[PDB]
Protein chains: 2
Amino acid sequence: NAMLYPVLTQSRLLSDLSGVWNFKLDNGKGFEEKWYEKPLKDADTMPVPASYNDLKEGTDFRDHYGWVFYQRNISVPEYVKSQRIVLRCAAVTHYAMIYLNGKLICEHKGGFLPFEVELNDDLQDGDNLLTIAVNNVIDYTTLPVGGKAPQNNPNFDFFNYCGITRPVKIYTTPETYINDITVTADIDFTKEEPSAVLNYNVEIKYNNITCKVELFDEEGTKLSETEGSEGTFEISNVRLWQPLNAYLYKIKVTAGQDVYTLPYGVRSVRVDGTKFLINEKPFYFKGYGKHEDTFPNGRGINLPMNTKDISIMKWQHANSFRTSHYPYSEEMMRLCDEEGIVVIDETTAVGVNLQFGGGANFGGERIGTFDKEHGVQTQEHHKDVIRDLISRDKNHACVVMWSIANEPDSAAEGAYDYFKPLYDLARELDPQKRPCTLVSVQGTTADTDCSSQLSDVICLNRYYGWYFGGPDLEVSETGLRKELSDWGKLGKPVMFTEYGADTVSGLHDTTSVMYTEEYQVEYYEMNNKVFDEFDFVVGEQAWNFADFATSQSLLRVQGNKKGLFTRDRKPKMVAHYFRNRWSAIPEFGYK
Amino acid sequence: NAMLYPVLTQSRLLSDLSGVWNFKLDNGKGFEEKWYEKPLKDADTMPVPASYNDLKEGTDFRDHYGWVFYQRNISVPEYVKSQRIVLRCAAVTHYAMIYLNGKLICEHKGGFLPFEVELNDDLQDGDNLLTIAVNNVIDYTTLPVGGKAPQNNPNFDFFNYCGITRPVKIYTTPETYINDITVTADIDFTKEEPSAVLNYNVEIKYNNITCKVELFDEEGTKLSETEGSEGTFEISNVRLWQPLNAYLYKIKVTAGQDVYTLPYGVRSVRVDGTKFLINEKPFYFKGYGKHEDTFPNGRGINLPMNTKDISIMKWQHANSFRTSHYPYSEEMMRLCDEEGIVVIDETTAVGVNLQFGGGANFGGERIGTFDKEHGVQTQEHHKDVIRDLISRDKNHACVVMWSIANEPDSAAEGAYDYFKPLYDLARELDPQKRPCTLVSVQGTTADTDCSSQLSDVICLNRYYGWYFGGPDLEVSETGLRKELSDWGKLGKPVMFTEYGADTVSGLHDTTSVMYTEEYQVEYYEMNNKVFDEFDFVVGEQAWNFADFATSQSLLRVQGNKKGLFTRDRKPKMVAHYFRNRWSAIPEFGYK
Ligand SMILES: Cc1cc(Nc2ncc(Cl)c(N)n2)c(OC(C)C)cc1C1CCN([C@@H]2O[C@H](C(=O)O)[C@@H](O)[C@H](O)[C@H]2O)CC1
Ligand SMILES: Cc1cc(Nc2ncc(Cl)c(N)n2)c(OC(C)C)cc1C1CCN([C@@H]2O[C@H](C(=O)O)[C@@H](O)[C@H](O)[C@H]2O)CC1
């Protein structure tokens with residue numbers, strides 16, 4: 001349930017298992033021949049962390065269907081068995097099965113969230129045979145959703161990168177440990193010098209022991225102390241965490257023979273009318289929808305590209321993005337804390353719409369998305385994911401909002417009844433009672449979108465001037481203004497979380513045509529002109545930040561080319577257009 | 001002196017320090033204000049491992065001159081202070097100064113080789129302030145060499161990527177530990193089923209204790225045992241490590257309360273006449289000169305790209321490369337062991353030639369390279385580097401040769417006397433008495449090159465058809481045949497370690513011109529035609545494997561575009577040409 005980011009501490013170690021592991025593709029007979037017990041014969045090499053799909057040649061590898069086997073030797077000195085020994089998987093994509101010496105010791109469904117397992121019982125003095133098996137199959141029971149029509153069929157527009165996506169490490173704790181930590185903030189904005197009070201709450205598991213919780217500022221000075229599993233601080237004249245201007249207090253929580261620190265930023269999130277308020281000021285989202293996508297790591301974690309992406313944002317004068325379409329690495333989340341970037345944390349819930357791909361049929365009847373017997377089997381797991389996500393990222397001052405799903409069939413029979421339990425579960429599990437949304441596919445209207453009722457903020461993905469209307473930007477404008485005007489009638493805040501136009505870097509014309517850099521700039525001029533007409537529009541997020549990989553098809557020119565930047569982060573012409581527009585537009589008070 | 005690759009073992013831990021550190025650029029007043037004692041004020045973020053030059057925007061960052069400061073908190077639990085606690089720096093570029101709490105505890109000159117420091121004495125229960133400062137200045141006393149004409153002036157054709165290039169980890173050992181391990185092999189090739197005997201030799205530092213050394217095969221079976229600091233095995237019907245067909249025995253060396261394993265491949269390297277023999281067969285080098293260069297890591301380690309590079313080689317039917325122009329990561333070296341790739345391990349000794357850049361002058365007299373007062377001050381350090389390199393990579397069955405320097409002024413007054421001490425030091429420190437070379441700049445002839453005497457193999461970097469003769473490939477051919485014919489008269493083996501032609505991916509013509517993909521293919525046709533005429537040519541290595549970054553100048557179209565592949569590893573047309581040529585050409589017996 002609870003998952004704190006493993007770091008180095010006086011009481012806990014951190015042994016990164018990253019490196020070149022042994023690796024074999026399953027042929028079917030894999031589990032039969034109990035490969036997890038023996039070391040893999042005729043093996044292959046494969047770095048961890050990383051998606052495996054692009055690190056070898058040939059379609060047989062990129063396009064593989066099913067299971068892969070990672071192996072490796074691990075060994076701990078007996079002098080460390082005094083502590084409890086846990087194996088944390090930052091993320092395995094999609095389904096993981098972890099053996100040790102040949103004995104299944106764990107299982108996890110869910111390809112983008114961490115999960116751990118205790119090792120004490122199964123550790124065997126000497127070198128041990130660690131085998132993690134990974135499965136890439138997606139169907140109507142996975143999140144993201146795999147379609148219908150031996151090969152996967154992603155019901156989503158990005159490539160099915162699989163393998164050990166994020167790092168596999170080992171850490172330890174004294175057998176009575178800190179397990180969760182929760183921290184909230186009530187900020188008093190009436191004062192001339194605003195001050196605030198932090199509510200904490202530590203959870204443990206000989207659980208009776210002293211509970212020290214000290215508070216430092218970013219320089220390192222100590223400022224307060226308190227005792228108890230729950231407690232309080234009264235930071236006066238507090239330094240508010242702000243977008244593009246972060247401040248991180250530190251929180252050293254001593255308890256028994258265990259210490260853990262947690263950066264924390266003080267800020268307030270509140271909707272009010274047509275105004276998305278951060279620290280009781282009216283925000284405007286400037287930014288993009290992103291992917292964890294790079295060459296050749298695939299979806300694998302890339303701490304260098306994370307910092308380079310953030311550099312480019314601060315260069316472009318952006319302030320937000322959205323973890324389309326799955327939670328990002330803990331490391332990227334921590335970085336947004338230090339760097340001051342507003343994030344829209346979003347679940348793996350993409351592809352629950354079921355009209356894509358010309359749809360699937362049953363008895364000559366086209367299935368509806370939320371059909372009880374033939375449609376998405378994903379609410380059980382969709383709920384697990386809301387739980388794991390918020391348990392992980394609850395404390396991140398950068399997360400100002402939750403995205404329950406991306407482009408679900410939210411205007412359909414069965415939709416409201418699928419999402420209500422999920423929103424409720426989100427607004428009840430988030431200690432900071434943060435706004436909740438979902439990203440509405442093209443086609444929905446204010447009248448028909450089950451998001452008009454459940455959502456604190458309306459998030460549209462619209463393509464007026466690309467799929468709908470292009471190349472006639474004038475007509476497309478009238479379309480966008482008409483629909484946008486309608487959404488105004490809800491009185492809620494509206495933002496675009498996705499708009500864009502495929503552009504192959506290099507293609508130009510003085511009089512533009514689709515796919516050229518000139519057309520891409522003109523498309524954003526038209527859209528943005530209309531955005532600026534309506535004071536309830538509180539955010540623009542382009543799709544996408546950068547070119548990224550997709551399953552092949554006629555519509556996809558060697559991937560999705562809707563990026564403002566090429567896949568190696570080099571600016572298309574539109575990147576300068578946006579950088580100039582965002583420069584003349586503030587974080588606060590644009591309305 | 002001795003540096004074994006830190007791994008996970010029953011007796012030793014491995015705590016990778018990689019992550020986002022604190023980071024500030026020096027302004028001059030850095031050391032004055034003793035920033036290493038306090039935590040950095042107004043800091044910045046920076047992933048480690050990685051060059052910092054490309055991870056922020058603006059020339060002030062990319063082009064910075066001088067010092068940078070990395071900071072970070074480290075903390076060990078007192079229950080681990082029983083063992084000795086060492087901080088290993090895989091590589092800092094160029095000069096590192098390591099503080100702890102404010103007390104200089106280490107220093108290293110040398111930007112591409114590992115170096116460690118014991119922490120027990122300076123560790124202070126609690127969180128500690130680890131500050132590594134890094135310096136990028138190059139001049140006549142550094143390897144590589146920095147030129148003359150506040151900015152660096154690389155006397156080499158690649159970008160001055162600096163910062164913490166390879167990972168910083170922490171490992172431990174029992175206070176009497178294994179420190180080095182050496183292993184050689186005499187192979188008996190007379191038998192029908194060749195067998196061999198391995199000579200080992202362990203070094204330690206209560207040094208009196210038992211010495212167990214067990215031998216396993218790759219599957220994991222144990223095959224032998226022996227006791228003693230020195231000893232022997234008699235692997236019968238042995239499995240010879242071969243190029244593109246690796247086999248790795250494992251060697252578990254128990255000694256006191258310490259275990260360490262070391263993969264090892266059995267093979268023989270021997271020159272004989274005009275024939276470079278691996279396992280007493282006549283090899284032909286197929287491959288390229290490489291860089292540790294990727295976006296945006298710079299020179300920083302990239303285990304995903306390492307595996308992807310090796311995939312591409314096996315796709316192209318290559319078998320070798322050369323660590324131009326500095327030693328690569330230990331991880332890449334280990335990988336070549338498992339993958340079966342022949343490496344030419346090479347020192348940081350590039351830019352000792354001093355005729356580049358129009359040269360530097362003194363009293364109206366142009367300085368010669370090896371002038372005793374005004375020229376290269378680098379033999380002291382050049383010798384350290386030969387030592388560190390061979391102490392690190394001595395056991396790697398993939399290293400079949402040593403490159404002392406790249407394009408030194410080897411036909412000049414003073415040259416022979418500079419290199420003789422260095423070769424000798426190389427042929428005496430390498431337990432396997434492996435061939436030694438240096439890469440000869442254009443201009444040298446057999447008669448004039450001090451490499452004709454010192455070197456077991458002649459390695460030419462020639463550009464007939466690019467800088468010299470291009471665009472007239474016919475004339476250039478006559479030039480190449482004439483010079484090449486000459487080198488034949490030494491009776492030694494000759495190989496080209498560098499040839500190539502800048503090619504901007506995308507530029508084409510039916511009737512080619514320079515910089516097009518068609519010209520690049522034609523240039524290699526001409527060169528290779530002449531190579532194939534001479535049976536003493538035993539290797540072709542293209543320059544370069546992939547496009548890489550350089551200091552700016554008119555001659556460098558957004559970097560060095562001589563790659564067979566673009567900087568993101570995508571094939572230029574020549575890559576298919578080579579893949580087809582190398583397919584019809586074996587590892588052995590091409591002559
Ligand atoms: C092109 C299309 C059309 C329709 N409608 C429709 N199609 C064909 C015909 Cl003949 C017809 N009459 N109508 C449509 O809705 C129907 C099918 C339910 C959906 C969408 C795409 C699905 C994915 N998106 C979002 O934008 C990104 C991108 O496309 O680049 C994705 O990468 C990203 O995940 C995603 O967030 C945009 C629309
Ligand atoms: C172009 C040149 C010319 C001369 N000679 C000369 N220049 C101008 C004039 Cl007017 C003149 N009459 N003669 C020369 O030798 C003299 C200067 C000592 C050296 C070289 C380059 C130095 C670097 N190399 C190697 O190839 C790679 C690459 O160039 O791409 C590098 O990246 C790589 O490090 C390196 O291994 C090739 C030659």
# chains A, B, ... in the order shown; residues from 1 in each chain; ligands from 1
>>> residues_around(residues="residue 369 (chain A)", least_positions_apart="3", cutoff="9 Å", atoms="only C-alpha atoms", output="list in words")
residues 352, 353, 354, 355, 372, 374, 375, 376, 408, 409, 412, 413, 414 and 415 of chain A
>>> write_last_selection(atoms="C-alpha atoms", output="compact mmCIF listing (two decimals), in the first residue's frame")
# COMPACT_ATOMS: atom_id res chain seq x y z
CA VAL A 352 -10.94 2.52 -22.02
CA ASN A 353 -12.77 4.14 -24.93
CA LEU A 354 -13.84 1.30 -27.21
CA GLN A 355 -14.89 3.03 -30.45
CA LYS A 372 -20.74 -5.70 -18.26
CA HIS A 374 -17.91 -8.00 -23.17
CA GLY A 375 -16.31 -4.64 -22.32
CA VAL A 376 -13.61 -3.18 -20.14
CA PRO A 408 -12.20 7.40 -21.95
CA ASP A 409 -15.60 6.91 -23.58
CA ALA A 412 -21.38 6.69 -23.21
CA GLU A 413 -23.86 4.41 -21.53
CA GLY A 414 -22.19 3.12 -18.40
CA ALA A 415 -19.58 5.86 -18.19
>>> interface_residues(of="chain B", to="chain A", cutoff="7 Å", atoms="only C-alpha atoms", output="ChimeraX atom specification")
/B:8-12,14-16,39,41,47,55-57,74-77,126-127,219,296-297,303-305,307-308,311,315
>>> write_last_selection(atoms="N, CA, C and O atoms", output="compact mmCIF listing (two decimals), in the first residue's frame")
# COMPACT_ATOMS: atom_id res chain seq x y z
N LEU B 8 28.50 -6.78 -6.50
CA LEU B 8 27.81 -7.26 -5.32
C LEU B 8 28.34 -8.65 -4.98
O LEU B 8 28.46 -9.51 -5.85
N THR B 9 28.67 -8.84 -3.70
CA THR B 9 29.32 -10.07 -3.25
C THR B 9 28.88 -10.37 -1.83
O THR B 9 28.38 -9.50 -1.11
N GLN B 10 29.08 -11.63 -1.43
CA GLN B 10 28.74 -12.04 -0.07
C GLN B 10 29.43 -11.20 0.99
O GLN B 10 28.91 -11.09 2.10
N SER B 11 30.57 -10.57 0.65
CA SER B 11 31.41 -9.87 1.61
C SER B 11 31.42 -8.36 1.42
O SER B 11 31.90 -7.65 2.31
N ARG B 12 30.89 -7.85 0.31
CA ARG B 12 30.99 -6.44 -0.02
C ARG B 12 29.65 -5.92 -0.51
O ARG B 12 28.94 -6.62 -1.23
N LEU B 14 27.41 -2.57 -2.39
CA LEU B 14 27.53 -1.62 -3.48
C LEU B 14 26.38 -0.63 -3.35
O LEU B 14 25.22 -0.99 -3.58
N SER B 15 26.69 0.60 -2.98
CA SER B 15 25.70 1.66 -2.83
C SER B 15 25.95 2.72 -3.91
O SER B 15 26.75 3.63 -3.73
N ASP B 16 25.23 2.60 -5.04
CA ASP B 16 25.33 3.60 -6.10
C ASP B 16 24.84 4.95 -5.59
O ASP B 16 23.73 5.07 -5.07
N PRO B 39 26.51 23.98 2.72
CA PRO B 39 25.76 23.50 1.56
C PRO B 39 25.56 24.64 0.58
O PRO B 39 25.41 25.80 0.96
N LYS B 41 24.59 27.49 -1.74
CA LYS B 41 23.49 28.44 -1.70
C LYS B 41 23.07 28.79 -3.13
O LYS B 41 23.92 28.92 -4.02
N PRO B 47 22.06 15.60 -12.67
CA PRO B 47 22.18 14.15 -12.52
C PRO B 47 23.64 13.69 -12.54
O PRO B 47 24.48 14.28 -13.22
N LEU B 55 23.27 19.83 -20.37
CA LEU B 55 22.04 19.67 -19.60
C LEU B 55 21.45 21.00 -19.12
O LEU B 55 20.50 20.98 -18.33
N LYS B 56 21.94 22.14 -19.58
CA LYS B 56 21.26 23.40 -19.33
C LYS B 56 21.38 24.23 -20.59
O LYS B 56 22.09 23.85 -21.54
N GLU B 57 20.69 25.36 -20.62
CA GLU B 57 20.63 26.18 -21.82
C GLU B 57 21.58 27.34 -21.65
O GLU B 57 21.95 27.70 -20.54
N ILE B 74 25.39 12.05 2.22
CA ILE B 74 25.54 10.60 2.34
C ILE B 74 25.51 10.22 3.81
O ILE B 74 25.89 11.01 4.68
N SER B 75 25.06 8.99 4.08
CA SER B 75 24.81 8.53 5.44
C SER B 75 24.91 7.01 5.47
O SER B 75 24.26 6.33 4.67
N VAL B 76 25.71 6.48 6.40
CA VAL B 76 25.82 5.03 6.59
C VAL B 76 25.36 4.65 7.99
O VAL B 76 25.64 5.38 8.96
N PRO B 77 24.67 3.51 8.16
CA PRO B 77 24.32 3.05 9.50
C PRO B 77 25.53 2.49 10.23
O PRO B 77 26.34 1.76 9.65
N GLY B 126 25.55 10.23 11.17
CA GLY B 126 24.55 11.20 10.75
C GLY B 126 24.60 11.46 9.26
O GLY B 126 25.22 10.67 8.52
N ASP B 127 23.97 12.52 8.78
CA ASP B 127 24.12 12.93 7.40
C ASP B 127 25.42 13.72 7.23
O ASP B 127 25.77 14.56 8.07
N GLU B 219 27.66 -21.71 -17.33
CA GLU B 219 26.42 -22.29 -16.81
C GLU B 219 26.38 -22.22 -15.28
O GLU B 219 25.30 -22.09 -14.70
N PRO B 296 21.63 13.44 -24.19
CA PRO B 296 22.43 14.63 -23.89
C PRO B 296 23.48 14.32 -22.83
O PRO B 296 24.02 15.23 -22.24
N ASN B 297 23.69 13.04 -22.54
CA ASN B 297 24.67 12.63 -21.54
C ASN B 297 26.07 13.17 -21.80
O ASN B 297 26.91 13.12 -20.89
N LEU B 303 24.58 2.91 -20.38
CA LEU B 303 24.52 1.46 -20.54
C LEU B 303 23.50 1.06 -21.58
O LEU B 303 23.75 0.08 -22.31
N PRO B 304 22.37 1.76 -21.72
CA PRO B 304 21.45 1.43 -22.84
C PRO B 304 22.10 1.62 -24.21
O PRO B 304 22.03 0.71 -25.04
N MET B 305 22.72 2.78 -24.47
CA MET B 305 23.38 2.95 -25.77
C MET B 305 24.52 1.94 -25.96
O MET B 305 24.76 1.51 -27.10
N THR B 307 24.59 -1.23 -25.11
CA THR B 307 24.04 -2.45 -25.67
C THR B 307 23.51 -2.20 -27.08
O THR B 307 23.65 -3.07 -27.96
N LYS B 308 22.92 -1.02 -27.31
CA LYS B 308 22.39 -0.74 -28.65
C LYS B 308 23.51 -0.62 -29.68
O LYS B 308 23.38 -1.11 -30.82
N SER B 311 24.48 -4.22 -30.46
CA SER B 311 23.48 -4.76 -31.37
C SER B 311 23.77 -4.35 -32.81
O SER B 311 23.84 -5.20 -33.70
N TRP B 315 24.68 -6.53 -36.06
CA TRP B 315 23.90 -6.37 -37.27
C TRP B 315 24.80 -6.04 -38.47
O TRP B 315 24.60 -6.56 -39.57
>>> closest_residue(among="A:317, A:497, A:485, A:478", to="residue 577 (chain A)", atoms="only C-alpha atoms")
A:317
>>> residues_near_ligand(ligand="ligand 2", cutoff="10 Å", atoms="only C-alpha atoms and all ligand atoms", output="PyMOL selection string")
chain B and resi 155-158+289+291+324-325+350-351+353-359+406-411+439-444+460-463+466-468+497-502+543-544+547-550+555-556+559-563
>>> closest_residue(among="A:458, A:97, A:271, A:341", to="residue 286 (chain A)", atoms="only C-alpha atoms")
A:341
>>> residues_around(residues="region 204-209 of chain B", least_positions_apart="4", cutoff="6 Å", atoms="only C-alpha atoms", output="list in words")
residues 176, 177, 178, 179 and 256 of chain B
>>> select_by_dssp(residues="region 329-559 of chain A", states="strand (DSSP E)", output="NGL selection string")
:A and (342-346 or 399-406 or 436-440 or 458-461 or 494-498 or 537-542)
>>> write_last_selection(atoms="N, CA and C atoms", output="mmCIF file, in the first residue's frame")
data_model
loop_
_atom_site.group_PDB
_atom_site.id
_atom_site.type_symbol
_atom_site.label_atom_id
_atom_site.label_comp_id
_atom_site.auth_asym_id
_atom_site.auth_seq_id
_atom_site.Cartn_x
_atom_site.Cartn_y
_atom_site.Cartn_z
ATOM 1 N N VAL A 342 4.810 22.580 -12.277
ATOM 2 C CA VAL A 342 3.490 22.073 -11.923
ATOM 3 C C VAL A 342 3.194 20.831 -12.747
ATOM 4 N N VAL A 343 2.798 19.755 -12.070
ATOM 5 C CA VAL A 343 2.512 18.474 -12.691
ATOM 6 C C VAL A 343 1.041 18.106 -12.528
ATOM 7 N N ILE A 344 0.506 17.438 -13.545
ATOM 8 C CA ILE A 344 -0.828 16.842 -13.483
ATOM 9 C C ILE A 344 -0.653 15.337 -13.491
ATOM 10 N N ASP A 345 -0.527 14.755 -12.303
ATOM 11 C CA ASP A 345 -0.268 13.333 -12.150
ATOM 12 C C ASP A 345 -1.452 12.534 -12.693
ATOM 13 N N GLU A 346 -1.192 11.548 -13.573
ATOM 14 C CA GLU A 346 -2.263 10.856 -14.305
ATOM 15 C C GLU A 346 -2.074 9.340 -14.288
ATOM 16 N N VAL A 399 2.530 18.145 -7.684
ATOM 17 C CA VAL A 399 1.259 17.568 -8.095
ATOM 18 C C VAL A 399 0.137 18.476 -7.603
ATOM 19 N N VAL A 400 -0.542 19.177 -8.515
ATOM 20 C CA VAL A 400 -1.661 20.046 -8.162
ATOM 21 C C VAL A 400 -2.998 19.482 -8.631
ATOM 22 N N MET A 401 -3.052 18.216 -9.055
ATOM 23 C CA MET A 401 -4.279 17.735 -9.696
ATOM 24 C C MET A 401 -4.106 16.280 -10.077
ATOM 25 N N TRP A 402 -5.230 15.607 -10.266
ATOM 26 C CA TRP A 402 -5.257 14.191 -10.590
ATOM 27 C C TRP A 402 -6.031 13.986 -11.884
ATOM 28 N N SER A 403 -5.489 13.151 -12.759
ATOM 29 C CA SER A 403 -6.162 12.777 -13.994
ATOM 30 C C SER A 403 -6.499 11.308 -13.856
ATOM 31 N N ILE A 404 -7.802 11.014 -13.822
ATOM 32 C CA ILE A 404 -8.255 9.648 -13.582
ATOM 33 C C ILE A 404 -8.080 8.784 -14.821
ATOM 34 N N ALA A 405 -8.238 9.365 -16.011
ATOM 35 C CA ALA A 405 -8.205 8.603 -17.249
ATOM 36 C C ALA A 405 -7.951 9.567 -18.393
ATOM 37 N N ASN A 406 -7.442 9.024 -19.506
ATOM 38 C CA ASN A 406 -7.190 9.804 -20.714
ATOM 39 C C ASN A 406 -8.120 9.325 -21.821
ATOM 40 N N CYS A 436 -9.675 17.005 -9.168
ATOM 41 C CA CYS A 436 -9.686 15.742 -9.893
ATOM 42 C C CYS A 436 -10.278 15.996 -11.266
ATOM 43 N N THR A 437 -9.750 15.317 -12.279
ATOM 44 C CA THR A 437 -10.257 15.519 -13.624
ATOM 45 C C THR A 437 -10.137 14.226 -14.412
ATOM 46 N N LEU A 438 -10.488 14.335 -15.693
ATOM 47 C CA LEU A 438 -10.205 13.336 -16.708
ATOM 48 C C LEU A 438 -10.128 14.086 -18.026
ATOM 49 N N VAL A 439 -9.388 13.522 -18.977
ATOM 50 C CA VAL A 439 -9.084 14.221 -20.221
ATOM 51 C C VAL A 439 -10.095 13.765 -21.263
ATOM 52 N N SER A 440 -10.882 14.698 -21.789
ATOM 53 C CA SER A 440 -12.049 14.366 -22.601
ATOM 54 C C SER A 440 -11.698 14.255 -24.090
ATOM 55 N N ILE A 458 -12.263 21.036 -16.307
ATOM 56 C CA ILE A 458 -12.509 20.403 -17.599
ATOM 57 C C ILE A 458 -11.222 20.428 -18.423
ATOM 58 N N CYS A 459 -10.786 19.246 -18.877
ATOM 59 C CA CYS A 459 -9.556 19.050 -19.647
ATOM 60 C C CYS A 459 -9.908 18.493 -21.017
ATOM 61 N N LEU A 460 -9.777 19.312 -22.054
ATOM 62 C CA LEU A 460 -10.092 18.898 -23.418
ATOM 63 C C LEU A 460 -8.830 18.525 -24.211
ATOM 64 N N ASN A 461 -8.958 17.476 -25.046
ATOM 65 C CA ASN A 461 -8.018 17.119 -26.114
ATOM 66 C C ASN A 461 -8.742 17.405 -27.424
ATOM 67 N N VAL A 494 -11.712 25.592 -17.588
ATOM 68 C CA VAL A 494 -11.422 24.786 -18.775
ATOM 69 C C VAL A 494 -9.960 24.972 -19.158
ATOM 70 N N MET A 495 -9.295 23.872 -19.502
ATOM 71 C CA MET A 495 -7.958 23.937 -20.077
ATOM 72 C C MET A 495 -7.809 22.881 -21.161
ATOM 73 N N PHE A 496 -6.950 23.163 -22.147
ATOM 74 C CA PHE A 496 -6.625 22.173 -23.173
ATOM 75 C C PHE A 496 -5.381 21.399 -22.758
ATOM 76 N N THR A 497 -5.533 20.096 -22.561
ATOM 77 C CA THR A 497 -4.409 19.256 -22.183
ATOM 78 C C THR A 497 -3.722 18.639 -23.383
ATOM 79 N N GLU A 498 -4.298 18.802 -24.585
ATOM 80 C CA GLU A 498 -3.746 18.241 -25.827
ATOM 81 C C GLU A 498 -4.305 19.000 -27.022
ATOM 82 N N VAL A 537 -10.805 29.874 -19.736
ATOM 83 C CA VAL A 537 -9.698 29.016 -20.154
ATOM 84 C C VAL A 537 -8.467 29.382 -19.327
ATOM 85 N N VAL A 538 -7.985 28.424 -18.546
ATOM 86 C CA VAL A 538 -6.941 28.672 -17.562
ATOM 87 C C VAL A 538 -5.680 27.854 -17.851
ATOM 88 N N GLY A 539 -5.519 27.366 -19.076
ATOM 89 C CA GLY A 539 -4.353 26.557 -19.364
ATOM 90 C C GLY A 539 -4.280 26.054 -20.787
ATOM 91 N N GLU A 540 -3.074 26.100 -21.358
ATOM 92 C CA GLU A 540 -2.786 25.464 -22.634
ATOM 93 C C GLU A 540 -1.633 24.504 -22.446
ATOM 94 N N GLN A 541 -1.843 23.267 -22.835
ATOM 95 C CA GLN A 541 -0.780 22.286 -22.818
ATOM 96 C C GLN A 541 -0.741 21.673 -24.213
ATOM 97 N N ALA A 542 0.332 21.972 -24.958
ATOM 98 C CA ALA A 542 0.504 21.395 -26.286
ATOM 99 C C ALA A 542 0.709 19.888 -26.231
#
>>> atom_distance(atom1="CA of residue 212 (chain A)", atom2="CA of residue 183 (chain A)")
14.7 Å
>>> closest_residue(among="A:479, A:263, A:327, A:144", to="ligand 1", atoms="only C-alpha atoms and all ligand atoms")
A:144
>>> atom_distance(atom1="CA of residue 284 (chain B)", atom2="CA of residue 189 (chain B)")
20.4 Å
>>> residues_around(residues="residue 94 (chain B)", least_positions_apart="4", cutoff="9 Å", atoms="only C-alpha atoms", output="PyMOL selection string")
chain B and resi 108-112+134-138+142+162-164
>>> write_last_selection(atoms="N, CA and C atoms", output="compact mmCIF listing (two decimals), in the first residue's frame")
# COMPACT_ATOMS: atom_id res chain seq x y z
N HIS B 108 42.54 13.83 -7.68
CA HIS B 108 42.89 12.97 -8.79
C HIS B 108 43.04 13.81 -10.05
N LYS B 109 44.19 13.70 -10.70
CA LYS B 109 44.38 14.21 -12.05
C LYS B 109 44.24 13.03 -13.00
N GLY B 110 43.49 13.22 -14.09
CA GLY B 110 43.11 12.11 -14.94
C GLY B 110 41.61 11.95 -15.07
N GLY B 111 41.08 12.23 -16.26
CA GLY B 111 39.65 12.36 -16.45
C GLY B 111 38.90 11.14 -16.92
N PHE B 112 39.56 9.98 -17.05
CA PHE B 112 38.87 8.83 -17.62
C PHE B 112 39.28 7.53 -16.96
N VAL B 134 34.97 19.78 -9.58
CA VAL B 134 35.44 19.27 -10.86
C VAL B 134 35.97 20.43 -11.68
N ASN B 135 37.03 20.17 -12.43
CA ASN B 135 37.78 21.19 -13.15
C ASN B 135 37.92 20.73 -14.59
N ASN B 136 37.74 21.65 -15.53
CA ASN B 136 37.74 21.26 -16.94
C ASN B 136 38.93 21.82 -17.69
N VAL B 137 39.85 22.51 -17.01
CA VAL B 137 40.95 23.16 -17.72
C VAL B 137 41.89 22.11 -18.31
N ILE B 138 42.27 22.32 -19.55
CA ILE B 138 43.25 21.50 -20.24
C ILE B 138 44.31 22.46 -20.77
N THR B 142 48.05 18.37 -19.42
CA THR B 142 46.94 17.44 -19.26
C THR B 142 46.92 16.46 -20.42
N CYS B 162 32.67 17.62 -19.48
CA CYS B 162 33.25 17.50 -18.15
C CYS B 162 32.16 17.32 -17.09
N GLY B 163 32.59 17.18 -15.83
CA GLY B 163 31.71 16.77 -14.75
C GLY B 163 31.94 15.31 -14.39
N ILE B 164 31.01 14.75 -13.63
CA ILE B 164 31.19 13.40 -13.09
C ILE B 164 30.76 12.37 -14.14
>>> closest_residue(among="A:322, A:381, A:576, A:88", to="ligand 1", atoms="only C-alpha atoms and all ligand atoms")
A:322
>>> atom_distance(atom1="CA of residue 249 (chain B)", atom2="CA of residue 69 (chain A)")
22.0 Å
